[PDB]
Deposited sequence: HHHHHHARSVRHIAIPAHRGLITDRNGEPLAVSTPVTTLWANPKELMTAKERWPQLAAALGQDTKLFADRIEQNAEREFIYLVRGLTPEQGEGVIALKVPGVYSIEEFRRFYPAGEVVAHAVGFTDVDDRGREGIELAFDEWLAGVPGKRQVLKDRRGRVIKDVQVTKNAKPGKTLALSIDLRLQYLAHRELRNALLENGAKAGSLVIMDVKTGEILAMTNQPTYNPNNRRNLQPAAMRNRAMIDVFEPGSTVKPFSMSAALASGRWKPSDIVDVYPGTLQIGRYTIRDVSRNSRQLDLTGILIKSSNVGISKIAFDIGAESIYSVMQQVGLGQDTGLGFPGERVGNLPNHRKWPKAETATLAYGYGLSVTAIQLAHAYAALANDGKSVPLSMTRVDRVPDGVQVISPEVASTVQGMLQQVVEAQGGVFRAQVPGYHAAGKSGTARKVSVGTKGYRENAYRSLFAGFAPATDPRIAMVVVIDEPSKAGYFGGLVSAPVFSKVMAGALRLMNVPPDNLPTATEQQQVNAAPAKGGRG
């Protein structure tokens, strides 16, 4: 190979407020013309010691590659330790100015930001997703070697090295830290295997925080546990269970056949359907209104509304809000999940769809779906980059129905027997708990706040809590409350649980 390629400066990644998240750091790459190195053998041990390498093992490497015009001695050294080797003044030893990524918030935004490979190319998260934007264009310089490898003339610059472009993520580091800390605390308190937590701006489609457990320090390029590198929020599919009942309810209110004050008889708390039996955990109910179906998380109640309205209307809401659908984010091997579909829905499939057993979604899809519900039935496109001009948004649920489902969800949190642990002191919060049997469990809470003018949608997913209580309303709901209280105050969202008398 004739001429050498000048490495380009990788674009700076910031959070939405300009806080540096991934920074291109100058590293020194040392290489050698082994033809020339062979003429300074007395120098070789010093060189070997200055590179941590074994004296004899290093001499073997050079002797082997003695014919070559180029070989790499060592990549990624600090410029100052690169200086130290250059300070030896060993003939046939040359250097390349290179770039390596430094991630100032480390493990805190590991999954969202991602990391680069040995060649400084995006390998995970944003780094991989916006690789072309961030990479820029490498340089080219005309070198004149006599024959061996003497740096003679550089007559022309050939082609200038183009730097990569800056990217400001939709992430707020302040909210990222709180979500990070609280998710880590939840895991240790519950002895859980994993977890995810997504925060979103219902008005802009911006992902304000996305955290997962386990995490890793992307500045520590050794050990690298692939399980700790998994961006679970985007790559781990799960059965959403009861967190999908607000969408089945939206289909009910939209059909013209149901109103919140209507009653469903759920007695004896079981419902037999051919070969399968739908079951509720608490089976001390007869008549329940639609809000009561949500408060008690009645599978029987929601399956009965489903049979009346038809599964097709339920499927449609779920599909339109983006459950089991492409996010448009175009992230590294991001999972799409599965929303089952039929021409003729059998009774057993209609019920399971209505209560979330028949389906695979990601934490990001669930949050986005709750975002459209919170934003008065308008789905705004998801973004991982700061949104200055907000795109049009799509009315996926009528405002009236969305507003009604919001009120019911507020009552899920605030009513007697409700998910009190989800209460956000100073504000009116809304949401719905979920618990999915995988015995192994997954604990879920999805919600939004402030009910008066929803601003934030949040999903808390805790995988395999090993403590006595495994229910979403018990394991996830306190995390929602904790993160919500802080995120809203960090955004200076004024408190809404204000007087009226």
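Engineer: When the deposited sequence is counted from residue 1, which ranges lack any model?
Structural biologist: Several stretches lack coordinates - namely 1-9, 448-457, 521-536, in sequence order.
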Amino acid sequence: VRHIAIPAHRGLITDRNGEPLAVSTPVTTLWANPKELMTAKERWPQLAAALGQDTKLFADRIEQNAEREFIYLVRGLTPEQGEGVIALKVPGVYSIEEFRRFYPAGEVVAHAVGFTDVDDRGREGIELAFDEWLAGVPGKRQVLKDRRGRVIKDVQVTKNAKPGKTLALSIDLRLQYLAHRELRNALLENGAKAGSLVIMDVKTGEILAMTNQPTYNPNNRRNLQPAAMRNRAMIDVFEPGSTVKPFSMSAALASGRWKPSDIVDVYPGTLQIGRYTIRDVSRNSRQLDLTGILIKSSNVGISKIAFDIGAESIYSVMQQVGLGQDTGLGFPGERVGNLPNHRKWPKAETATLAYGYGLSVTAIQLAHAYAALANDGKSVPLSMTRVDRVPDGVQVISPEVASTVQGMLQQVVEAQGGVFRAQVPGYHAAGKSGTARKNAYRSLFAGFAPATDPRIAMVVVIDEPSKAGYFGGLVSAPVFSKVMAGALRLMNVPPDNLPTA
From here on, numbers count along this sequence of modelled residues.
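Engineer: Which wins on mean Cα temperature factor, 203-211 or 154-162?
Structural biologist: Averaging CA B-factors over each stretch, the winner is 154-162.
Engineer: When the Cα temperature factors in the entry are averaged, is it 370-378 or 117-125 that ends up higher?
Structural biologist: Between 117-125 and 370-378, it is 117-125.
Engineer: Which one, 106, 274, 195, 337, has the peak C-alpha temperature factor per the PDB entry?
Structural biologist: Most elevated C-alpha B-factor of the set, per the entry: 274.
Engineer: At the C-alpha atoms, which of 309, 401, 77, 183 reaches the highest B-factor in this entry?
Structural biologist: Max CA B-factor in the entry, restricted to 309, 401, 77, 183: 77.
Engineer: Thinking about Cα B factors across the chain, which third does residue 432 belong to?
Structural biologist: Tercile = lowest for this residue's CA B-factor.
Engineer: State the tercile, meaning the lowest, middle or highest third, of residue 234 with respect to the CA B-factors recorded for its chain.
Structural biologist: It falls in the bottom third of the chain.
Engineer: Looking at the entry's B-factor column for C-alpha atoms only, identify whether residue 145 ranks in the lowest, middle or highest third of its chain.
Structural biologist: As the PDB entry reports it, the C-alpha B-factor of residue 145 lands in the highest third of its chain.
Engineer: Quick check on the deposited entry: does the C-alpha B-factor of residue 111 sit in the lowest, middle or highest third of its chain?
Structural biologist: Lowest third, going by the recorded CA B-factors of the chain.
Engineer: Could you say whether, by C-alpha temperature factor, residue 355 belongs to the lowest, middle or highest third of its chain?
Structural biologist: Lowest third - that is where residue 355 ends up once the chain's C-alpha B-factors are sorted.
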